[PDB]
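> First the structure, then my questions, so here it is.
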Amino acid sequence: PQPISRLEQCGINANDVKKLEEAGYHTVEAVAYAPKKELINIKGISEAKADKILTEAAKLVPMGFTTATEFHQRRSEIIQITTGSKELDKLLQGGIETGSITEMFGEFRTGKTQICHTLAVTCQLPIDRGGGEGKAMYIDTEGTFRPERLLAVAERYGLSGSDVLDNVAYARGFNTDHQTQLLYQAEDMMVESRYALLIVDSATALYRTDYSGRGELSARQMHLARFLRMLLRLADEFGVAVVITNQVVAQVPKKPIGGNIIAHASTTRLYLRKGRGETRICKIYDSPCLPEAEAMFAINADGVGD
Amino acid sequence: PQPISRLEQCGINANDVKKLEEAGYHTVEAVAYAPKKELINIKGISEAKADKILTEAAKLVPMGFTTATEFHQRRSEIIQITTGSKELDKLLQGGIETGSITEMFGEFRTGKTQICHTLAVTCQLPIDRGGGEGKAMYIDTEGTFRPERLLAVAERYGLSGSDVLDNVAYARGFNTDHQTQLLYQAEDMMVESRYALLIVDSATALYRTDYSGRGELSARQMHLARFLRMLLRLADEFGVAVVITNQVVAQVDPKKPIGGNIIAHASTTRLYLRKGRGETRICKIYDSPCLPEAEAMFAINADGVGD
Amino acid sequence: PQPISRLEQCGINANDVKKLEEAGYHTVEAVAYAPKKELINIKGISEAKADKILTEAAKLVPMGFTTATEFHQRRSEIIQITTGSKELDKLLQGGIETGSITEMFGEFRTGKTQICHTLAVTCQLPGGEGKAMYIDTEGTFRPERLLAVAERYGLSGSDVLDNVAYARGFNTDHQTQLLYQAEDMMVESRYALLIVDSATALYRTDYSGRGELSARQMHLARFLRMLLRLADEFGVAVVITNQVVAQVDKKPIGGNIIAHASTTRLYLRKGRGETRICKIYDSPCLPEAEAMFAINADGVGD
DNA sequence: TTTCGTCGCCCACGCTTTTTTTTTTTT
Ligand SMILES: Nc1ncnc2c1ncn2[C@@H]1O[C@H](COP(=O)(O)OP(=O)(O)NP(=O)(O)O)[C@@H](O)[C@H]1O
Ligand SMILES: Nc1ncnc2c1ncn2[C@@H]1O[C@H](COP(=O)(O)OP(=O)(O)NP(=O)(O)O)[C@@H](O)[C@H]1O
Ligand SMILES: Nc1ncnc2c1ncn2[C@@H]1O[C@H](COP(=O)(O)OP(=O)(O)NP(=O)(O)O)[C@@H](O)[C@H]1O
Ligand SMILES: [Mg+2]
Ligand SMILES: [Mg+2]
Ligand SMILES: [Mg+2]
């Protein structure tokens, strides 16, 4: 995550760097990942200047066929934040993978928010316990953030109550556009420190409301595609683990409320089901590296256990 | 908290403010909540000055990344409107919470409207009962709004009828769009006043007959979702606690709340009420992000919810 | 009851009013209380006209909210037709509450049906009401019972007891139009109450079959939605009646449809001899108890 | 030293939504 000032020393002046920063490119990776057609619509950058900055950005960010034994080593070195439950972290063959998107969908009262709250504390656990030793981004679009759960999880894990709530940074999206701006601000502020997680609670819930009718289906899917592409860019350029949450719909018998856009974009999906009492069930979905099966986890006072 | 007028103090000419208010944006926070898609939809407001409506309003609200310590400090500010029972209080850990939606569902005679009446009384009461201050907003379609029960509940709490029944409203229109329109109007009603509880009992009772048959289900569910979302906006913007009771359907494949998968997610708290013995009922916390899976027996009496 | 000439003299002056009257939902309260979908299939296709009529006919008793004391006073002067017995002066808190939706069950054709051929004591007494109804789904209405009951009190008149009580209904799709057209004479003259004898008694006589049960339940939901609309708009006390099912797992026909579309339901049981013990059920402001009724050849009371 | 002319050419698809609804007594 090299800051945007890295290319400032090489060619690009301060004015252009400021224009990029106000555009939303707070890192060299964000500039390098964007196409040439996107570094043109932002005023203040010429076409030749755009090609120049693209060349300089590509000088540091690795692209193309370079080496893949190193990438296999990197995949073996994936952080794999643990869920906190012995069956959820085993069904996922380690837990939530980092650098990808882990959508979880269920009917209701299925433990999606409970899992997010547990992960917001477990991402601060060292690699010995399973985590990333970093902060926790919490984009919460339902007003469903209860720090008491985080304190309970921390006291279960024997961590300081003040530390976990100091690490966790919280923001609430009020619409889809504001969700995108919140994502941009998160990208801006994720370079100043290390963030081991990024939670988008009900990543597609305001889409169900803001876009009404069939006439807005294409625009809604395009906006959701842009949002998921931005989330993927955050996942690669930062190495964070994005655990987004999805709702469910009935086939007029359940299916995630996102179309094929979110089905393809989401690297992993989890189907959460209500079991008996406090226990629930989790099933893998659309995971290219995981089998299809079920799990067995419970919602205790200490987040998610068994 | 603050009026819409501040927007025209920032440098937008009053005609644009009146156009924004005509669409329903009776507060600066409300217009900030809506995205640019809902701002371009206002007639006479194009993409021009849209930034002057978005970022100028956003400069007056946080709309950013706080810390969890600050949110936990704000968590003490919550009023936590209190019920009438001590066991029920232990169930909800102090009572229903401020700025959230509680949906209570069950069969007939499960104490729903009694809970609504008692909660509105505690909202029209000092902090000693559990609610800070504010009027009680009623939105009745099922028809159980009998001010006889309001008068009866007023005797136990020792409040004169002049200052309680004149402080509570009523809904006359039995239409799905009527509740949304009346809540948009209650927005401007409450921006000039203070409110603590907002009750919409027939949250999904209207949709059982308004949209009948498979084929019209989708439009019904988009309508319900839009109503729920603007209800959540109203709850958050003014820190009001919302109650929305629900009906049940028997699974013929055994009672399930109606309008599922749309009201299930939106309702941040769900209370499942069962009939017990005599007149006592049992309230179980169906859905909650903080409260456990507990059950509390209460006994509706003349005083109120009772225990 | 607001049959004001404003409904036709407003900005809308065209065939739209006559289309609305012919569609079966007339009077102004058929507009501001009706969804937009109903104003689609009616003859005359204009979505702009829907909101035009809505704007021009939403100017009624406060619909842009109100205060609860304004109609709390209105329901302090409410009729509240007292029951035809002096034993229920403690229970029921007076009489049959007007503007509510009371439900009776426990019997098939006797019992609660007798409670249809009685009461109206407040109607006879002071002015006053002097009005009563009768609807049916599968019933055996007998006006001689009304004659005998009125003769018990000081209401000795004969013709005044007639020309009000409907006595029709055998098949659901037959009395669909009956409950549609009730308003056609309900607004011409003011009116007190409305019993629906054997209402939605056994829909499985015609609306029968698995898979069909859902459509049946939608039909009942529509019917009591209209019934609630009429009860609240005209300020009348409606009495729905059903029959038991003998649970094999003491409940009435209707399931969760009429269960969530009533106000003051109350079970009717059998006592000793002519004693018809009348227990109570869900009610916003009535403590649970059991009443004591009696039926005799003269009528219901004692 | 002199003195302007003269139009042609089409491309190219995107996007799912949404649950309802209880009968029925034997011996
Ligand atoms: N302290 C606690 N102890 C035990 N269980 C709890 C506790 N707090 C919450 N729960 C359980 O967690 C459930 C809610 O889980 P949640 O993660 O909010 O579901 P969800 O699928 O996110 N629902 P929604 O967000 O409305 O779509 C509750 O209904 C309880 O069963
Ligand atoms: N006008 C009336 N006056 C007095 N008694 C009446 C009158 N009408 C009906 N009854 C009584 O009601 C009785 C009906 O039989 P009952 O023993 O109640 O049958 P049930 O099976 O208990 N009732 P149901 O549930 O309607 O089938 C008659 O036989 C009479 O005793
Ligand atoms: N004074 C009282 N004393 C004791 N219990 C009471 C009293 N008033 C009301 N109750 C009880 O509280 C219940 C509240 O029911 P209510 O909340 O009206 O159900 P509902 O689901 O809204 N009705 P419906 O429209 O038929 O589905 C009553 O039915 C009684 O059981
Ligand atoms: Mg959950
Ligand atoms: Mg109730
Ligand atoms: Mg009968």
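In the structure tokens, chains take the letters A, B, ... in the order shown, each chain's residues start at 1, and ligands count up from 1 in the order shown.
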In range 149-250 of chain C, what's alpha helix (DSSP H) per DSSP? Answer as an MDAnalysis selection string?

chainID C and resid 149:152 172:186 212:234

> Residues at most 8 Å from range 257-266 of chain A, counting only C-alpha atoms (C1' of nucleotides), excluding those fewer than 5 positions away in the same chain, as a ChimeraX atom specification?

/A:100-103,204,221,224-225,228-229,246-249,286 /D:16

> Once you have the residues from the selection above, write them out as a compact mmCIF listing (two decimals), in the first residue's frame, restricted to N, CA and C atoms (P, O5', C5', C4', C3', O3' and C1' of nucleotides).


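As a result, selection.txt now contains:
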```txt
# COMPACT_ATOMS: atom_id res chain seq x y z
N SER A 100 -10.16 -11.28 -0.45
CA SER A 100 -11.33 -11.66 -1.22
C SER A 100 -12.57 -11.14 -0.49
N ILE A 101 -13.74 -11.51 -0.99
CA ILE A 101 -15.01 -11.09 -0.42
C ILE A 101 -15.78 -12.33 0.03
N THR A 102 -16.25 -12.31 1.27
CA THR A 102 -16.97 -13.42 1.88
C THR A 102 -18.39 -12.95 2.20
N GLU A 103 -19.27 -13.07 1.22
CA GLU A 103 -20.67 -12.74 1.44
C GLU A 103 -21.34 -13.83 2.27
N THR A 204 -25.67 -5.17 0.24
CA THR A 204 -26.79 -4.89 -0.65
C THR A 204 -28.09 -5.02 0.15
N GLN A 221 -27.97 -2.78 -10.89
CA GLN A 221 -26.94 -3.79 -11.08
C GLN A 221 -25.61 -3.15 -11.47
N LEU A 224 -24.18 -1.71 -8.25
CA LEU A 224 -23.68 -2.80 -7.42
C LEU A 224 -22.39 -3.37 -7.98
N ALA A 225 -22.28 -3.46 -9.31
CA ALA A 225 -21.04 -3.92 -9.92
C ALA A 225 -19.90 -2.97 -9.63
N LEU A 228 -18.90 -3.46 -5.95
CA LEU A 228 -18.15 -4.69 -5.74
C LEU A 228 -16.76 -4.62 -6.36
N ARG A 229 -16.61 -3.93 -7.50
CA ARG A 229 -15.28 -3.73 -8.07
C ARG A 229 -14.42 -2.87 -7.15
N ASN A 246 -25.32 -10.35 3.04
CA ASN A 246 -26.40 -10.31 2.07
C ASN A 246 -27.68 -10.82 2.71
N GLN A 247 -28.81 -10.35 2.20
CA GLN A 247 -30.12 -10.79 2.66
C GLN A 247 -30.58 -11.96 1.79
N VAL A 248 -31.84 -12.37 1.95
CA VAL A 248 -32.38 -13.51 1.23
C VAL A 248 -33.75 -13.16 0.68
N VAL A 249 -34.15 -13.89 -0.36
CA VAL A 249 -35.42 -13.70 -1.04
C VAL A 249 -36.03 -15.08 -1.29
N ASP A 286 -20.45 -21.27 -3.68
CA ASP A 286 -19.68 -20.58 -4.72
C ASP A 286 -18.26 -20.25 -4.27
P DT D 16 -28.82 -9.60 -13.18
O5' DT D 16 -30.15 -10.48 -13.29
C5' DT D 16 -30.72 -11.06 -12.13
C4' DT D 16 -31.71 -10.12 -11.47
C3' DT D 16 -32.35 -10.66 -10.20
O3' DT D 16 -32.44 -9.64 -9.22
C1' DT D 16 -34.03 -10.08 -11.74
```

> Using only C-alpha atoms and all ligand atoms, which of B:254, B:24, B:306, B:259 sits nearest ligand 3?

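So, comparing all the options, the nearest one is B:306.
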
> As an mmCIF file with N, CA and C atoms, in the first residue's frame, could you give me every residue of chain B near chain D (at most 8 Å apart, counting only C-alpha atoms (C1' of nucleotides))?


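Output file selection-v1.cif follows:
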```
data_model
loop_
_atom_site.group_PDB
_atom_site.id
_atom_site.type_symbol
_atom_site.label_atom_id
_atom_site.label_comp_id
_atom_site.auth_asym_id
_atom_site.auth_seq_id
_atom_site.Cartn_x
_atom_site.Cartn_y
_atom_site.Cartn_z
ATOM 1 N N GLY B 213 -53.047 -12.068 -3.692
ATOM 2 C CA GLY B 213 -52.753 -13.028 -4.733
ATOM 3 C C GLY B 213 -51.310 -12.973 -5.193
ATOM 4 N N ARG B 214 -50.784 -14.136 -5.565
ATOM 5 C CA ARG B 214 -49.474 -14.195 -6.193
ATOM 6 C C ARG B 214 -49.533 -13.540 -7.567
ATOM 7 N N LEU B 217 -47.357 -9.792 -5.602
ATOM 8 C CA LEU B 217 -46.554 -9.875 -4.387
ATOM 9 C C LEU B 217 -45.330 -8.970 -4.457
ATOM 10 N N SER B 218 -44.697 -8.885 -5.629
ATOM 11 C CA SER B 218 -43.448 -8.142 -5.741
ATOM 12 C C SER B 218 -43.655 -6.660 -5.463
ATOM 13 N N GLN B 221 -44.075 -6.040 -1.875
ATOM 14 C CA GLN B 221 -42.872 -6.134 -1.057
ATOM 15 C C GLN B 221 -41.929 -4.957 -1.275
ATOM 16 N N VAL B 249 -49.319 -15.997 10.219
ATOM 17 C CA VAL B 249 -49.911 -16.942 9.283
ATOM 18 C C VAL B 249 -49.537 -18.343 9.741
ATOM 19 N N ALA B 250 -50.482 -19.272 9.630
ATOM 20 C CA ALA B 250 -50.256 -20.651 10.032
ATOM 21 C C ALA B 250 -49.610 -21.424 8.891
ATOM 22 N N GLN B 251 -48.490 -22.079 9.183
ATOM 23 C CA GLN B 251 -47.801 -22.893 8.191
ATOM 24 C C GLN B 251 -48.572 -24.189 7.982
ATOM 25 N N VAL B 252 -49.039 -24.412 6.754
ATOM 26 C CA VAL B 252 -49.846 -25.581 6.429
ATOM 27 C C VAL B 252 -49.004 -26.715 5.854
ATOM 28 N N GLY B 259 -45.345 -11.043 5.752
ATOM 29 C CA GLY B 259 -44.426 -10.160 5.053
ATOM 30 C C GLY B 259 -42.970 -10.499 5.279
ATOM 31 N N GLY B 260 -42.628 -11.783 5.268
ATOM 32 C CA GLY B 260 -41.296 -12.206 5.640
ATOM 33 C C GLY B 260 -40.240 -11.783 4.642
#
```

> Please provide as a short mmCIF file (atom, residue, chain, number, x, y, z; two decimals) with N, CA, C and O atoms, in the first residue's frame all residues within 10 Å of residue 168 in chain A, with the sequence filter that same-chain residues fewer than 2 positions apart are discarded (counting only C-alpha atoms (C1' of nucleotides)).


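What follows is the written file result-v3.cif:
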```cif
data_model
loop_
_atom_site.label_atom_id
_atom_site.label_comp_id
_atom_site.auth_asym_id
_atom_site.auth_seq_id
_atom_site.Cartn_x
_atom_site.Cartn_y
_atom_site.Cartn_z
N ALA A 120 -14.89 -8.61 14.23
CA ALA A 120 -14.34 -7.29 14.54
C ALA A 120 -13.41 -7.32 15.74
O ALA A 120 -12.58 -6.43 15.88
N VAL A 121 -13.54 -8.32 16.61
CA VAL A 121 -12.65 -8.49 17.75
C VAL A 121 -11.54 -9.49 17.44
O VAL A 121 -10.41 -9.32 17.89
N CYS A 123 -10.14 -10.11 14.56
CA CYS A 123 -9.13 -9.59 13.65
C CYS A 123 -8.01 -8.88 14.39
O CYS A 123 -6.95 -8.63 13.79
N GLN A 124 -8.21 -8.53 15.65
CA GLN A 124 -7.16 -7.96 16.49
C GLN A 124 -6.34 -9.02 17.21
O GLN A 124 -5.34 -8.67 17.85
N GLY A 134 -4.68 -6.02 13.63
CA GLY A 134 -4.97 -4.69 13.15
C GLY A 134 -6.29 -4.13 13.64
O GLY A 134 -6.91 -4.70 14.54
N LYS A 135 -6.72 -3.03 13.04
CA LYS A 135 -7.98 -2.41 13.42
C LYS A 135 -9.13 -3.17 12.76
O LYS A 135 -8.97 -4.28 12.25
N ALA A 136 -10.33 -2.58 12.77
CA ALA A 136 -11.49 -3.21 12.16
C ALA A 136 -12.41 -2.14 11.61
O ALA A 136 -12.97 -1.35 12.38
N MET A 137 -12.56 -2.10 10.29
CA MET A 137 -13.55 -1.24 9.66
C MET A 137 -14.93 -1.86 9.79
O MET A 137 -15.12 -3.03 9.46
N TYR A 138 -15.89 -1.07 10.26
CA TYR A 138 -17.27 -1.53 10.39
C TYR A 138 -18.18 -0.55 9.67
O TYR A 138 -18.60 0.46 10.23
N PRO A 147 -21.51 -2.29 20.66
CA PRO A 147 -20.16 -2.56 21.19
C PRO A 147 -20.13 -3.46 22.41
O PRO A 147 -19.06 -3.98 22.75
N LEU A 150 -18.87 -6.71 21.39
CA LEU A 150 -17.43 -6.70 21.21
C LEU A 150 -16.71 -6.78 22.55
O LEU A 150 -15.69 -7.47 22.67
N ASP A 163 -8.95 -1.66 24.49
CA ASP A 163 -8.14 -1.81 23.29
C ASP A 163 -8.99 -2.18 22.08
O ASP A 163 -8.80 -1.63 20.99
N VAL A 164 -9.92 -3.12 22.25
CA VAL A 164 -10.70 -3.60 21.11
C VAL A 164 -11.63 -2.50 20.59
O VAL A 164 -11.84 -2.38 19.38
N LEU A 165 -12.19 -1.69 21.49
CA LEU A 165 -13.06 -0.61 21.06
C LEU A 165 -12.28 0.62 20.60
O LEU A 165 -12.86 1.50 19.96
N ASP A 166 -10.99 0.70 20.92
CA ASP A 166 -10.16 1.74 20.33
C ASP A 166 -9.72 1.37 18.92
O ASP A 166 -9.65 2.22 18.04
N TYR A 170 -15.75 2.70 13.20
CA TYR A 170 -17.13 2.46 12.81
C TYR A 170 -17.65 3.61 11.96
O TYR A 170 -17.43 4.78 12.27
N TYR A 195 -5.12 -2.21 8.81
CA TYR A 195 -6.47 -2.69 9.09
C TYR A 195 -6.56 -4.13 8.62
O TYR A 195 -6.27 -4.43 7.45
N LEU A 197 -9.39 -6.01 8.73
CA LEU A 197 -10.73 -6.43 8.35
C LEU A 197 -11.51 -5.23 7.83
O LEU A 197 -11.18 -4.08 8.12
N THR B 66 -16.12 7.35 12.80
CA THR B 66 -15.88 7.56 14.22
C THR B 66 -15.05 6.39 14.76
O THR B 66 -14.51 5.59 14.01
N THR B 67 -14.94 6.30 16.08
CA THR B 67 -14.31 5.15 16.72
C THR B 67 -15.34 4.43 17.59
O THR B 67 -16.38 5.00 17.96
N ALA B 68 -15.06 3.16 17.89
CA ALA B 68 -16.00 2.38 18.68
C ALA B 68 -16.10 2.89 20.10
O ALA B 68 -17.14 2.72 20.75
N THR B 69 -15.04 3.53 20.62
CA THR B 69 -15.11 4.13 21.94
C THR B 69 -16.12 5.27 21.97
O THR B 69 -16.92 5.39 22.91
#
```
